[PDB]
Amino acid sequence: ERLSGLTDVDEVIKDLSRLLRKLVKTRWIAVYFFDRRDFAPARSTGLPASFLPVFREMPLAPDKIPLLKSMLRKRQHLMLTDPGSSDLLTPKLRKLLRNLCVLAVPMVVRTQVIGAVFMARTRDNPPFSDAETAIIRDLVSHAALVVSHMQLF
């Protein structure tokens, strides 16, 4: 009956996160929307409790984080299999993510980036495969289209 009940972007992101975790083995998932020129934290699932305040308060600025600027410019996914030693991250982020393989998937609708989904698992596990990534990219693209219809209001 009211538009608010039909445009609930957070329930879309919750459902997306749950389904991804059920389909692909992951330590955690962190979803951001593209605002202010930067990515704002939307929802995480599986982060260690101590890192939840960090996630909730830390915007991600492409101008500070080369990986993110690349993802945004190319409108394509990127994976870091050794973030600890990557110049494409901030010193802060290299340390935070040092034990992790990180897949960065932009939320793209037509030609535009509206957000990003980051998925992580520990580096002693195999990196995300092409097969896993194909599923992820599909599901994120579905969610992005839905969210974009909703954010029109």
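Start at 1 with the first residue shown and count on from there.
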Report task. Quick one: classify how much of the deposited chain lacks coordinates between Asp35 and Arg36, choosing none, 1 to 3, 4 to 9, or 10 or more. Result -> 1 to 3
Query raised in the report: 97 to 105 versus 82 to 90: which one carries the higher mean Cα B factor per the record?
Result: 82 to 90
**Report entry** 139 to 147 versus 125 to 133 - greater average Cα B-factor per the deposited record
**Finding:** 125 to 133
Query raised in the report: Can you tell me which of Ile29, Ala116, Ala42, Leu68 has the highest Cα temperature factor in the record?
Result: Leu68
